[PDB]
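Listed below, chain by chain, are the residues.
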Protein chains: 6
Amino acid sequence: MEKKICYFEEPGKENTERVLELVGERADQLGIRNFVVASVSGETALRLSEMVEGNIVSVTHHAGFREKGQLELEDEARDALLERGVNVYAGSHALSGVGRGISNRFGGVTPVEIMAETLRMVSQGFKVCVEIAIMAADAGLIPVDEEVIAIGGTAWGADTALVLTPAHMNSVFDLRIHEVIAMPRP
Amino acid sequence: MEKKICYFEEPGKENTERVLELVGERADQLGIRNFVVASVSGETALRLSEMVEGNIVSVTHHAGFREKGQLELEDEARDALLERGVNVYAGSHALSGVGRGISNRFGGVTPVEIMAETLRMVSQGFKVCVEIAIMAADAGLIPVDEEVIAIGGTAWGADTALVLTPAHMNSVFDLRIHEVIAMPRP
Amino acid sequence: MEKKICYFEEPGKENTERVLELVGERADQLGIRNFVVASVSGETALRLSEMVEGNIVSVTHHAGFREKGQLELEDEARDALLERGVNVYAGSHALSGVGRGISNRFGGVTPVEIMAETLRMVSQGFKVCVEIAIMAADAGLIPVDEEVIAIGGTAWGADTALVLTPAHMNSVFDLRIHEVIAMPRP
Amino acid sequence: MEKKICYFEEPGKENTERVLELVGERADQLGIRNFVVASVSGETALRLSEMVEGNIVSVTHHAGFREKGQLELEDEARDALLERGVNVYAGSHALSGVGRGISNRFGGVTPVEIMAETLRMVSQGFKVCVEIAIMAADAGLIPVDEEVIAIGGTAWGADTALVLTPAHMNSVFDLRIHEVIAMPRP
Amino acid sequence: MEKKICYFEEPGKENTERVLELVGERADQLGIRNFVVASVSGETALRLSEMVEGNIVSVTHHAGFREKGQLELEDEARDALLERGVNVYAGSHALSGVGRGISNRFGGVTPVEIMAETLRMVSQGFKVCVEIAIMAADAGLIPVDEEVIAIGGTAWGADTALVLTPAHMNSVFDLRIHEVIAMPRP
Amino acid sequence: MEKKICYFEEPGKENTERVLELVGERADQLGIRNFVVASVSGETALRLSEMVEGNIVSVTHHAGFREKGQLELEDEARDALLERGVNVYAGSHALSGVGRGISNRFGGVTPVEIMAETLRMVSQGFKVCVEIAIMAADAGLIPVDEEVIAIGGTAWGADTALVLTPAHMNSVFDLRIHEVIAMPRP
Ligand SMILES: Cc1cc2nc3c(=O)[nH]c(=O)nc-3n(C[C@H](O)[C@H](O)[C@H](O)COP(=O)(O)O)c2cc1C
Ligand SMILES: Cc1cc2nc3c(=O)[nH]c(=O)nc-3n(C[C@H](O)[C@H](O)[C@H](O)COP(=O)(O)O)c2cc1C
Ligand SMILES: Cc1cc2nc3c(=O)[nH]c(=O)nc-3n(C[C@H](O)[C@H](O)[C@H](O)COP(=O)(O)O)c2cc1C
Ligand SMILES: Cc1cc2nc3c(=O)[nH]c(=O)nc-3n(C[C@H](O)[C@H](O)[C@H](O)COP(=O)(O)O)c2cc1C
Ligand SMILES: Cc1cc2nc3c(=O)[nH]c(=O)nc-3n(C[C@H](O)[C@H](O)[C@H](O)COP(=O)(O)O)c2cc1C
Ligand SMILES: Cc1cc2nc3c(=O)[nH]c(=O)nc-3n(C[C@H](O)[C@H](O)[C@H](O)COP(=O)(O)O)c2cc1C
Ligand SMILES: [Mg+2]
Ligand SMILES: [Mg+2]
Ligand SMILES: [Mg+2]
Ligand SMILES: [Mg+2]
Ligand SMILES: [Mg+2]
Ligand SMILES: [Mg+2]
Ligand SMILES: [Mg+2]
Ligand SMILES: [Mg+2]
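## Re the overall build of chain A
Within chain A, the regular secondary structure consists of six helices and seven strands. The N-to-C order of helical and strand elements in chain A reads β-α-β-α-β-α-β-α-α-α-β-β-β. What you see for chain A is a C-alpha radius of gyration of 16 Å, in line with the 16 Å of a compact globule of 186 residues. Dimensions of chain A along its principal axes, counting C-alpha atoms only, are 45 × 35 × 35 Å. Here chain A, with 186 residues, has 63% of them falling under the buried criterion. For chain A, long-range pairs separated by at least 24 residues make up 59% of all intrachain contacts whose partners lie at least 6 apart in sequence. Summed over all atoms, the accessible surface of chain A reaches about 6,900 Å², with 43% contributed by carbon and sulfur.

## A word on the packing of helix α5 (residues 111-120) of chain B against helix α5 (residues 111-120) of chain D
Where α5(B) meets α5(D), the axes come as close as 9 Å, and the angle between the chain directions of the two elements is 55°. In terms of orientation, α5(B) and α5(D) fall into the oblique class. Our pair here, α5(B) against α5(D), has a crossing hand that is right-handed. Residues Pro111(B), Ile114(B), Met115(B), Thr118(B) and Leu119(B) of α5(B) form the contact with α5(D), whose participating residues are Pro111(D), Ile114(D), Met115(D), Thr118(D) and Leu119(D). Residues that form the contact of α5(B) with α5(D) fall into these classes: eight nonpolar, two polar and no charged.

## Quick look at the interface of chain E and chain D
Chain E puts five residues into the contact, and the matching count from chain D is five residues. Both faces combined, the contact of chain E with chain D buries some 400 Å², and carbon together with sulfur accounts for 70% of it. Contact with chain D buries surface across chain E, with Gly108(E), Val109(E) and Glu117(E) losing the most and accounting together for 72% of the total. Counting every contact that joins chain E to chain D gives one salt bridge. The partner of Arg105(D) in a salt bridge is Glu117(E), and the shortest N-O contact between them spans 3.2 Å. At the junction of chain E and chain D, the tally comes to one residue pair in polar contact. Among the residues forming the side of chain E that touches chain D, the class breakdown is two nonpolar, two polar and one charged.

## Things to note about the relation of the copies chain E and chain C
Superposition of the two copies of the chain requires a rotation about an axis and a shift along the axis. The transform that puts chain E on chain C rotates by 180° and translates by 0.0 Å along the axis, for an RMSD of 0.0 Å. What the rotation and shift describe, once combined, is the action of a two-fold rotation axis.

## Looking at the pattern of salt bridges
In total, this model carries 82 salt bridges over all chains according to the counting rule given. Put simply, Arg185(B) and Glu179(D) hold a salt bridge, and the shortest N to O gap is 2.7 Å. Of the two residues, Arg185(B) is situated in the segment after β6 (176-184) and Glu179(D) in strand β6 (residues 176-184); the pairing between them involves two chains. What you see here is one network of salt bridges that share partners, running through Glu2(A), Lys4(C), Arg18(C), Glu21(C) and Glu25(C).

## Quick notes on the side chain of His178(D)
In this fold, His178(D) is placed in strand β6. A relative accessible area of 9% means that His178(D) is categorised as buried. A polar contact is formed between the side chain of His178(D) and the side chain of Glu147(D), at a distance of 2.8 Å. If near-sequence neighbours (up to four positions away) are discounted, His178(D) is found in contact with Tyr7(B), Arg185(B), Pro186(B), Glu147(D), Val163(D), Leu164(D) and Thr165(D).

## Overview of the UniProt feature "binding site: Mg(2+) 1" (unreviewed entry) in chain A
In the numbering used here, UniProt assigns the feature "binding site: Mg(2+) 1" (unreviewed entry) to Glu43(A). Position of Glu43(A) among the secondary structure elements: in helix α2 (residues 43-49).

## Observations regarding the pairing of strand β2 (residues 34-38) of chain A
Side-chain positions along a regular strand alternate between the two faces of the sheet. All names here are of chain A. Burial analysis of β2 places four of its five residues in the buried class, the great majority of the element. Crossover connection from β2 via α2 to parallel strand β3 (residues 55-60): handedness right-handed. Sheet analysis places β2 next to strand β5 (residues 148-152), joined by three bridges and oriented parallel. Across the sheet, the residue bridging to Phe35 is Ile149, located in β5.

## Here we look at the packing of aromatic side chains
Taken as a whole and judged by the stated rule, the model has nine aromatic pairs over all chains. Between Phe173(A) and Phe106(B) the ring centres are 6.0 Å apart and the planes differ by 75°, which places this aromatic pair in the edge-to-face class. Residue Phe173(A) is found in the loop between β6 (160-165) and β7 (176-184), and its partner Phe106(B) is found in helix α4 (residues 97-106); the two belong to separate chains. Look at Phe173(A) and you get buried, because its relative accessible area is 12%.

## Remarks on the relation of the copies chain E and chain D
When chain E is fitted to chain D, the best match, at an RMSD of 0.9 Å, comes from turning it 120° and sliding it 0.1 Å along the axis. As the rotation angle and translation indicate, the two copies are arranged about a three-fold axis. Residue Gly108(E), judged by its C-alpha, is the member of chain E lying nearest the rotation axis, at 2.1 Å.

## Comments concerning the UniProt feature "binding site: FMN" (unreviewed entry) in chain A
All names here are of chain A. Mapped onto this numbering, the UniProt entry annotates "binding site: FMN" (unreviewed entry) at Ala38, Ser39, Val40, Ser41, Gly42, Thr44, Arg120, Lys127, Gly153, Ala155 and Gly157. Spatially, the listed residues are scattered: they cover 120 residues, and their C-alpha atoms lie as much as 22.9 Å apart. Along the chain, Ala155 falls in the loop between β5 and β6. Accessibility expressed as a relative area gives 61% for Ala155, which makes it exposed. Within the fold, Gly157 resides in the loop between β5 and β6. By relative accessible area, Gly157 is classed as partly exposed at 22%. If we skip the residues at most four places from it in the chain, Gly157 touches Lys13, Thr16, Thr44 and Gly152.

## A word on helix α5 (residues 111-119) of chain A
Burial of α5(A) is extensive: eight of the nine residues sit out of reach of the surface. Buried positions along α5(A) lie against α4 (99-105) and α6 (124-138) of chain A, α4 of chain B, α5 (111-119) of chain C together with α4 (98-106) of chain E.

## Description of the site of ligand 1
All names here are of chain A. Taken together, 23 residues are adjacent to ligand 1, and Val40, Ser41, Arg120, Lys127 and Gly153 come closest. In this structure, an oxygen atom belonging to ligand 1 sits 3.2 Å away from a main-chain N or O atom of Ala38. Mapped onto the shell around ligand 1, the elements with two or more residues apiece are α2, β3 and α6. Residues belonging to the shell around ligand 1 are distributed by class as follows: seven nonpolar, twelve polar and four charged.

## Section: the nonpolar core
Grouped together as the largest cluster of nonpolar side chains are 250 residues, with contacts concentrated most on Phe126(A) and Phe126(F). Residues within four places of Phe126(F) in sequence aside, it is in contact with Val122(E), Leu119(F), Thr160(F), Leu162(F), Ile177(F), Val180(F) and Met183(F).

## A closer look at the interface of chain E and chain C
Counting residues at the interface gives 39 residues for chain E and 39 residues for chain C. Summing both sides of the interface, chain E and chain C together bury roughly 3,100 Å²; the carbon and sulfur share of this comes to 65%. Taken as a group, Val98(E), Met169(E) and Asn170(E) account for 22% of the area that chain E buries against chain C, more than any other trio of residues on that side. Counting every contact that joins chain E to chain C gives four salt bridges. Note that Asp174(E) and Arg105(C) form a salt bridge whose closest N and O atoms lie 3.5 Å from each other. Scanning the region where chain E abuts chain C turns up 17 residue pairs in polar contact. Those elements that place two or more of their residues in the side of chain E that touches chain C are α4, α5 (111-119) and α6 (124-138) of chain E. Among the elements that make up the side of chain E that touches chain C, the one with the highest residue count is α4(E) (seven residues). Across the side of chain E that touches chain C, the residue classes tally to 19 nonpolar, 15 polar and five charged.

## Structural notes on a negative patch on the surface
Together, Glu74(B), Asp75(B), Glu76(B), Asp79(B) and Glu83(B) line one region of the surface with negative charge. The residue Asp79(B) is located in helix α3 (residues 75-83) in this model.

## Considering the environment of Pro166(B)
With respect to the helices, strands and loops of the structure, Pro166(B) is situated in the loop between β5 (160-165) and β6. Those residues within four positions of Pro166(B) in sequence are excluded, and the remaining contacts are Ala133(B), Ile142(B), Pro143(B), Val144(B), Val148(B) and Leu175(B).

Rules used in this analysis
Residues numbered from 1 in each chain as written, not as in the entry; some residues may be left out. Chains lettered and ligands numbered in written order. Heavy atoms only, no water. Helix = DSSP H or I, 4+ residues; strand = E, 2+ residues; numbered from the N terminus. Rg over C-alpha atoms; globule rule 2.2 N^0.38 Å. Buried < 20%, exposed > 50% of the residue type's maximum accessible area, 1.4 Å probe, protein only. Contact = heavy atoms within 4.5 Å. Areas by Shrake-Rupley, 256 points an atom, 1.4 Å probe, with all protein chains shown as cover. Axes fitted to C-alpha atoms, helices over the stretch in contact; angles between N-to-C directions. Parallel < 35°, antiparallel > 145°, perpendicular 65-115°, else oblique. Left-handed = near helix turned anticlockwise from the far one by under 90°. Nonpolar A, V, L, I, M, F, W, Y, C, P; charged D, E, K, R; others polar. Buried area = accessible area lost by both parts, 1.4 Å probe. Salt bridge = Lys/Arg side-chain N within 4 Å of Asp/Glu carboxyl O. Polar contact = N/O pair within 3.5 Å; in protein donor to acceptor, adjacent residues only side chain to side chain. Least-squares fit on C-alpha atoms. UniProt positions renumbered as here; feature names shortened; annotations may be inferred. Right-handed = clockwise from strand over helix to strand, strands pointing away. Pairing = 2+ DSSP bridges. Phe/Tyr/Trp six-rings, centres within 6.5 Å; stacked < 30°, edge-to-face > 60°. Near = heavy atom within 4 Å. Core = buried A, V, L, I, M, F, W, Y, C linked by side-chain atoms within 4.5 Å. Patch = residues over 30% accessible without salt bridge, like charges linked within 9 Å, V, L, I, M, F, W, Y side chains within 5 Å. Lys, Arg positive; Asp, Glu negative; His and termini not counted. Charge placed at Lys NZ, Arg CZ, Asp CG, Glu CD.

The structure is reproduced here in structure tokens:
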């Protein structure tokens, strides 16, 4: 089958509305009731929870990513979303992990970090979609035998959306990517 | 200076009481306001809930640990736990991660998993104490800037537990374990 | 930039005709004259040459891929292609390399082989697409300057075609994936 | 069951006495016929020699640790040690090895060194206890089939020490640490 | 089998003439007609072709070795060689590969790059000798069946020549080094 | 300079006498008073100590290599050699190390083990010469700023001899190989 795909001329927040727009169509065009978003402030899971219904999992950065100790999400939004039925999750990025701490001391690269860099060959959002997909799968916040739409972007906002089948951390290479709804061309 | 500890003859189930009680006593005698433990069902964290004050938390097996998309913390028990007034988490085990995915796929081991296995030299329960310890910190729950008490066990119980100032994954090795309370001798 | 993208219900040689047609169109659309294509036997290379014009580079399997000291590409087929003006190349595979020799001897996985399994979560051709892009660049057979259309498939023929900018082995992570002309959905 | 241990406020030199004395007491109270320690000069093993019965041994810094081909165990002290009636060794540190060669050359870390760093979370002195522990066993000296007492320290002393049934390198992970005696809290 | 071996006091282009002469002799002696030679510019390849007969394969640097999208081998020099019957080849370097792209991005070392530093403890050419042997085999340019004379040097010209049996990338450790015709002693 | 080298038609013990014979000449032809042998039973360091004088370091397998616990060398020969002025050493093989234990559990390969396999491309003895060279350097049993002759072989006896400059474990890639006295051609 032939479907439309949107290539953002440039990566970034400028693109957040369109991405959420295609997510709506596709999701309905396919009957996907499972959504996984990368929202650190929450501005995205929110804008999405008011355009679709079903299962919205919002993943934010791990505790202390900008400044050790405190997490960039305030239970202030963790409620503005917990009200809308949106699941809220903070955990360790599955495509960095501890190998990240290591490489921070010693300065090399662990195997999963290479999975990330490779995925960033298409776009940054492309990589996070896969990452959050795994995170939620393992956190039991989403199915591993049903398609799902993961939403991500470059730094803030959204510019990448994928129709994919999550896989758990121990069966990570089972994760399949079915369709690319939107992505930054660069 | 000085303090006190204990040593199990053989590993297992039949120790969480002795562990718990003692882990509690010591836990209490030491005096802190932030905790963490490892129950794949919840029981062992059930017995714990009613003997401490502040922040208990019961990380469990990431979904799919046994069968794709099947966390074990029964919602009957999840409800129970959360209700008993104390936090619940499920995420990817900080000391294996996607790493275990690659290994399950290819047949060797990654850095991160090297660690679990080191720690295990002492006691299987020894490592989990660090594993779950780290996850908990990453979920924005427990501190990395004050002491916490780590409790865990081997196979089907809760035989080991320590005292450390856990840490995140991007600065992992900044983890400082401070005291041992109990552990299987072998 | 909304465009079309074909999702093949299943992977395989059957899709070839459609992907060769789709590349033609996208090439005219973007003004691309560089094509790198994985063709073990050369058949796929042959077809493509008849629908597209410019620099076509066909890379076959490395000698020894199936039998020690043996090249799968028949002398006749090579001759036929070179007669048409298609640069034909063969060399150790970019996303496995000597790292595979190592694993065939010791079992685990080397860093470069992980990049490939990671690319595979999209499709097999998706992985050959960047792989042959790297090989062709290093051979000096295609530019790492401008855009190129990369074509790959599952074992026989073709089912994946990408629009990308190659990069050399020493600067792999400088490889950019721009558009997915077609890909097997599974 | 149960036993006793201790906790240093800050790390160092000023503890080997307290350590030693106590490491001895406990060492004695526990009763065993095979020992091992970490003195880069020999002193700390001097103080030890006269307080135990059976097999003491004093592994030191591999030659070139400071300057090419310069072991530190002064022959004045080597003579002393060996004379005092108890074994002396010098070899490559079991938890870095050529690995550290590669890292010094390239800039990351190898499996083996991953371990040292894990162990160090507790105390720098914690790891050496395993390092020298393992070397000693490999030199045909101390047993892997009975308990041994491991003593070591941080910087310029002897602050940590354990009880384990060490192991070889070809079957390393079969190492079973059994008891803690003393250690720097941080 | 007592034979001669030349040890050059120092490495470099100066030794070329002697190694080209020595290979000639050893080739007659053993009845070898396969030669793989590292010649970036092609000069060295040119000389060799005039003293030896049979299949000569000259491998130059991969495109991008010095400047993005650039091949060091001049079109003129290639032409000259091919005019003489010397198979000329270029492709990503066998003992670094994409593993170098990775390190250039993250710093440590990949497994394949260690093989090279290890080969280098003999001389630089010693390392290019097996490296170009692997590349030529995978290109199907030389056999992994019989013996071949491999020629390499330090940056310019030649100072190392080996008698070996190539092997493919997937069976690297099947590469056999038989005789060292000449090598820089340092 | 042009020197003779012996290529054993086949690897093994059959070759032990010749190797020791060339060692004598070369050593004298060069003024090398430092010898490093790989002798597990001791049959070799012995046969050598009676044909040369200077510094003979005999290295045997690490404790329990065939059968954990006990070392293949009896203090019976450890004296028959300790009498002849020969230094006797048992330690952990520097080109295996702990990574060896790991790979024994998990089944992959660590970096140093790859250094070994690579070196075995020329001969097995070639590899051990480098290994024992390192072992002794670090054990302070030999110089790191003077040439030395390391002796090794395939399984038992000797068939490989190298004139090389040892390097310590932390500067391993400084080790230089100057001359190859004898080696098995296969
Ligand atoms: C687990 C997680 C992983 C992320 N990693 C990256 C990353 O690799 N690179 C990147 O450009 N953005 C990354 N992001 C950003 C997301 O793509 C997205 O821009 C952001 O979370 C949206 O938050 P906002 O709604 O507050 O803008 C990450 C954020 C999360 C939650
Ligand atoms: C994240 C997590 C990690 C664990 N890893 C291990 C492990 O590697 N080794 C082990 O033997 N037990 C492990 N456990 C087992 C538990 O610590 C322990 O068996 C517990 O008793 C199970 O809880 P339950 O008794 O309440 O069912 C792990 C459990 C959890 C939650
Ligand atoms: C270097 C290279 C690597 C390739 N690796 C794969 C692979 O990873 N997976 C796969 O399904 N096919 C792979 N192939 C096959 C191509 O994707 C493709 O199926 C091609 O059509 C074979 O050509 P043919 O139809 O002329 O026989 C690769 C081919 C080459 C030349
Ligand atoms: C093999 C060996 C390994 C060691 N590694 C470490 C290490 O990684 N961390 C550390 O801080 N001290 C290390 N040490 C230090 C000693 O355990 C300790 O400082 C000791 O006091 C020095 O002996 P001395 O006081 O008799 O001179 C090491 C020493 C030896 C012999
Ligand atoms: C793929 C390949 C890799 C090589 N890598 C090295 C290297 O590792 N070290 C080095 O000193 N020279 C290396 N070279 C250069 C050759 O060893 C050699 O010096 C050659 O003479 C250059 O040829 P020229 O005299 O025609 O310019 C390599 C050359 C190629 C083609
Ligand atoms: C540290 C050490 C490393 C060795 N590793 C190998 C090896 O990698 N492969 C091999 O074929 N022989 C190996 N050997 C064997 C030696 O090359 C040599 O044959 C033997 O030690 C001579 O002992 P013998 O005099 O009792 O026969 C090793 C022995 C020692 C001492
Ligand atoms: Mg935003
Ligand atoms: Mg892009
Ligand atoms: Mg224990
Ligand atoms: Mg797909
Ligand atoms: Mg401590
Ligand atoms: Mg040399
Ligand atoms: Mg023998
Ligand atoms: Mg040989």
